[PDB]
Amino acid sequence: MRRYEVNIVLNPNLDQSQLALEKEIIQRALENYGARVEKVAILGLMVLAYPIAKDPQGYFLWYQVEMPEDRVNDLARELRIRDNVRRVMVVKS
């Protein structure tokens, strides 16, 4: 077990109920990969100003968890193939 901060950028076009569902589904996926969810946060709709990129808008979701290192890559791919997930950044604290 190790601690990680899971950063998620979701489709900016989601309505609140869709945002909630995705946030809940993603939290379940975390646990499904052995994660102990310590913190969770929706940081709002944000726009990437730099670097220059397509689809700069997105909802920023953030989770702090303790989970096995061996399941980190798997959880990441699981989250990435989700259609509403545009970006997944997992940082080891």
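Note that residue numbering follows the sequence shown and begins at 1.
Averaged over their C-alpha atoms, the temperature factors of 63-71 and 29-37 are higher for 63-71. In the deposited entry, the Cα temperature factor of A53 sits in the top third of values across the chain's modelled residues. In the PDB entry, a CA B factor belonging to the highest third of its chain's modelled residues is recorded for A20. Among all modelled residues in its chain, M89 ranks in the middle third by Cα B-factor. Ranked within its chain, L14 lands in the highest third, by CA B factor from the PDB record.
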